[PDB]
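# Topology and contacts: notes
Chain residues, written in single-letter form:
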Amino acid sequence: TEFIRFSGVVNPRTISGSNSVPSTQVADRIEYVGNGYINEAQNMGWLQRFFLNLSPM
Amino acid sequence: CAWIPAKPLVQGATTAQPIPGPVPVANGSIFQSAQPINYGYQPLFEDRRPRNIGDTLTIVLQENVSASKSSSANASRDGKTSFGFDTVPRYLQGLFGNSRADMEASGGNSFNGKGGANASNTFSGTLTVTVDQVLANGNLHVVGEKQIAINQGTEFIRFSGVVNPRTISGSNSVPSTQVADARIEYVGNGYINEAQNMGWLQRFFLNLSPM
Amino acid sequence: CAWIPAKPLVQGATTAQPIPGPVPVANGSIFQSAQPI
Amino acid sequence: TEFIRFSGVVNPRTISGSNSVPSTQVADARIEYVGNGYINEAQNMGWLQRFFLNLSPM
Amino acid sequence: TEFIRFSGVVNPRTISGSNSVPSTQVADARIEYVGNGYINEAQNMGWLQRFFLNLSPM
Amino acid sequence: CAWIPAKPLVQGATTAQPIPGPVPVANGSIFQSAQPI
Amino acid sequence: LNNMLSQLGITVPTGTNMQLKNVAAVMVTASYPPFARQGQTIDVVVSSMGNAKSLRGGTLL
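### With respect to the overall build of chain C
Secondary structure summary: chain C contains 0 helices and 0 strands in total. Counting over 37 residues, chain C shows a buried share of 11%. Total accessible area on chain C is roughly 3,400 Å²; 65% of this is exposed by carbon and sulfur atoms.

Here's what the structure looks like:
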């Protein structure tokens with residue numbers, strides 16, 4: 001599954017026509033996250049992450 | 001064998017002796033009736049749709065169904081880390097003097113799954129059916145069969161369904177797609193049909209043999 | 001086997017004998033109703 | 001034999017002209033297109049292969 | 001079998017013409033398109049491969 | 001196996017017998033209502 | 001017109017010219033009076049709907 005979440009503050013004067021407002025006109029959060037093994041395959045892995053954060057060079 | 005007794009599908013006499021008719025009544029008229037059979041009312045300008053049990057209707061199958069389904073998924077992860085001095089300062093020899101800190105590692109995980117399915121059928125025949133009964137709303141239950149014996153076997157084409165007496169267009173014809181409860185059978189007999197059967201052992205293996 | 005007994009999906013008789021209809025009422029009219037449903 | 005079965009709820013205003021309505025306009029659309037005989041049997045996985053698919057690692 | 005399920009909240013003013021509204025105009029859009037059978041089973045990772053993916057270093 | 005019992009997703013009868021309707025009221029009108037819903 | 005013909009028992013093929021000029025689609029409006037009885041009759045107003053030129057001696061069906 002994929003979750004797309006949006007949050008912000010919209011001034012009720014930039015809304016144009018068909019109740020649409022570009023995200024660039026919204027003040028204050030965009031998340032596009034996934035689940036399942038498809039999402040799991042994009043994680044570094046504990047050992048590789050530890051080496052990246054600690055291994056010299 | 002070809003000499004085994006057999007009954008042709010067109011059974012009974014293939015001839016009819018014409019009836020002489022009725023002797024005229026000496027009523028002074030050259031015209032003579034012929035014992036009218038049906039006394040029911042028949043409209044003139046209507047499309048002569050089937051209306052009673054014995055009425056016949058023409059069905060154009062023109063069936064064409066096609067369904068497809070596909071799905072796929074994949075997931076690939078690849079990583080490789082390395083670290084090595086190959087030359088260690090004198091002051092750092094304590095921690096990395098040997099290959100103590102020298103490290104190398106690799107890892108991979110690839111998965112790919114796929115699936116699909118298809119199902120299509122077509123039918124391009126014409127079969128004349130007969131009304132079986134008249135429903136409460138006026139819909140007609142039509143059932144018909146046709147047997148053809150080209151040579152060395154027979155084929156039966158049977159149709160059944162419910163036809164609304166308003167989709168019949170012009171020459172008493174209605175597409176099969178407009179018939180509800182469509183039951184269509186096109187079966188055969190003889191060694192030609194027998195050759196298309198799997199066989200008991202192959203069928204058992206197909207239904208039971210692993211893989 | 002192909003000789004195993006089987007029942008075609010189109011079961012029942014494939015023929016219908018037409019009904020003769022109702023004898024006319026001697027009301028002096030050629031037109032005769034047909035029992036409206 | 002092949003059985004094509006349809007079920008759903010149709011609003012009596014999307015029916016256009018010759019008593020026809022697209023399946024996309026029918027709510028609760030249940031569509032089945034199934035088959036029988038050895039033709040359909042040949043498209044089944046098989047017990048052992050299905051067990052391996054559902055249980056065998058990787 | 002495949003199940004396509006949709007859920008959401010639709011403002012009764014974006015419905016245009018023939019009772020149609022784009023999914024992008026529906027709030028709380030929940031869309032599921034799932035499958036069953038061995039076709040769907042073949043797209044699962046497998047217990048051992050999933051464990052290695054979630055735990056095996058690198 | 002393909003011979004295991006299964007229930008098609010389109011369950012229940014696939015046929016509906018039409019209702020004859022209501023007998024007319026001898027009110028002198030050819031038009032007859034149909035129980036508005 | 002095709003629906004009426006089919007109901008009467010005539011099914012015109014879907015693909016046809018059907019270029020007639022003796023008929024006009026109309027809207028009929030009536031005033032249901034209070035305490036209306038089943039057998040009573042009321043006056044109606046018929047107004048052309050499409051591009052009919054006139055309804056001089058027409059018949060509402």
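### Some remarks on the interface of chain E and chain D
The partner chain D presents 9 residues to the 9 residues of chain E that form the contact. When chain E packs against chain D, the two sides together hide about 800 Å² of surface, and 59% of this comes from carbon and sulfur. Per-residue buried area on chain E facing chain D is highest for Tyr38, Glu41 and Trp47 of chain E; these three make up 61% of the total on that side. Applying the counting criterion to the chain E and chain D interface returns 1 salt bridge. We note a salt bridge from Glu41 of chain E to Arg50 of chain D, for which the minimum N-O separation is 2.7 Å. Mapped by element, the contributors of at least two residues to the side of chain E that touches chain D are helix 1 (37-41) and helix 2 (47-55) of chain E.

### Observations regarding the pattern of salt bridges
Scanning all chains against the criterion turns up 10 salt bridges over all chains. Between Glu46 of chain B and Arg51 of chain B there is a salt bridge, with its nearest N and O atoms 3.0 Å apart. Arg5 of chain D is the salt-bridge partner of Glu32 of chain D, the closest N and O atoms lying 2.9 Å from each other. With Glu32 of chain D in strand 2 (residues 27-35) and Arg5 of chain D in strand 1 (residues 2-9), this pair connects stretches of sequence that are 27 residues apart. Taking relative accessible area as the criterion, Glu32 of chain D reaches 8% and is therefore assigned buried.

### A look at the interface of chain C and chain B
Listed per partner, the contact involves 17 residues of chain C and 22 residues of chain B. In total, about 1,600 Å² of surface goes out of reach between chain C and chain B, with carbon and sulfur atoms giving 69% of it. One can count 0 salt bridges joining chain C with chain B. Split by residue class, the side of chain C that touches chain B holds 13 nonpolar, 4 polar and no charged.

### Some points on the sheet that holds strand 4 (residues 126-134) of chain B
Residues and elements named next belong to chain B. Taking strand neighbours across the sheet as the criterion, the 6 strands line up as 7-1-4-5-6-8 in an open arrangement whose pairing is mixed. Two strands bound the open sheet, and with one partner strand each, they are strand 7 (173-175) and strand 8 (180-188). Ignoring which end each strand starts from, the neighbouring axes of this sheet average 25° apart. Direction of pairing for strand 1 (residues 56-60) relative to strand 4: antiparallel, over a ladder of 5 bridges. Across the sheet, the residue bridging to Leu57 is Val129, located in strand 4.

### Things to note about the nonpolar core
Within soluble globular proteins, side chains that are nonpolar generally end up buried alongside one another. In terms of nonpolar packing, the biggest core is built from 14 residues, with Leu57, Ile59, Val129, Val142, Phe159 and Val163 of chain B touching the most fellow members. Membership of the second largest hydrophobic core comes to 7 residues, among which are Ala75 and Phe111 of chain B together with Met45 and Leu53 of chain E.

### Examining the arrangement of the chains
Contacts between protein chains span 12 pairs of chains, and they are most numerous for chains B and C. Kept free of each other, chain A and chain C leave a smallest C-alpha distance of 44 Å between them. A gap remains between chain D and chain G, which never touch, and the nearest two C-alpha atoms on either side lie 9 Å apart.

### Comments concerning the packing of aromatic side chains
Residues and elements named next belong to chain B. By the definition in use, this model includes 5 aromatic pairs over all chains. Residues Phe85 and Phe96 carry aromatic rings whose centres are separated by 5.1 Å and whose planes lie at 35° to one another, so their mutual orientation is tilted. Of the two residues, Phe85 sits in the loop between strand 2 (63-83) and helix 1 (93-96) while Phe96 sits in helix 1, which places them 11 residues apart along the sequence. Its relative accessible area of 22% is what places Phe85 among the partly exposed residues. Between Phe123 and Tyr186 the ring centres are 5.9 Å apart and the planes differ by 40°, which places this aromatic pair in the tilted class. Placement of the pair is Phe123 in strand 3 (residues 103-123) and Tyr186 in strand 8, with a sequence separation of 63 residues. Following the ring pairs from residue to residue traces out a cluster consisting of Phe83, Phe85 and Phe96.

### Section: the pairing of strand 4 of chain B
Residues and elements named next belong to chain B. For strand 4 and strand 5 (residues 140-148), the ladder comprises 4 bridges, and the chain directions are antiparallel. In the sheet register, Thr130 faces strand 5, and the bridge partner there is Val143. In textbook terms, the turn of a hairpin is the stretch between consecutive antiparallel strands, and for strand 4 and strand 5 this stretch comprises 5 residues, one of which, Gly138, has a positive phi near 100°.

### Notes on the environment of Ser47 of chain G
All names here are of chain G. With respect to the helices and strands, the residue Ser47 is situated in strand 2 (residues 44-48). By relative accessible area, which is 38% here, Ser47 ends up partly exposed. Each C-alpha atom, one on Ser47 and one on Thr29, is 8.4 Å from the other, the two residues being 18 residues apart in sequence.

Rules and cut-offs
Residues numbered from 1 in each chain as written, not as in the entry; some residues may be left out. Chains lettered and ligands numbered in written order. Part of a larger assembly, values for the part shown. Heavy atoms only, no water. Helix = DSSP H or I, 4+ residues; strand = E, 2+ residues; numbered from the N terminus. Buried < 20%, exposed > 50% of the residue type's maximum accessible area, 1.4 Å probe, protein only. Areas by Shrake-Rupley, 256 points an atom, 1.4 Å probe, with all protein chains shown as cover. Contact = heavy atoms within 4.5 Å. Buried area = accessible area lost by both parts, 1.4 Å probe. Salt bridge = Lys/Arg side-chain N within 4 Å of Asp/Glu carboxyl O. Nonpolar A, V, L, I, M, F, W, Y, C, P; charged D, E, K, R; others polar. Pairing = 2+ DSSP bridges. Axes fitted to C-alpha atoms, helices over the stretch in contact; angles between N-to-C directions. Core = buried A, V, L, I, M, F, W, Y, C linked by side-chain atoms within 4.5 Å. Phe/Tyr/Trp six-rings, centres within 6.5 Å; stacked < 30°, edge-to-face > 60°.

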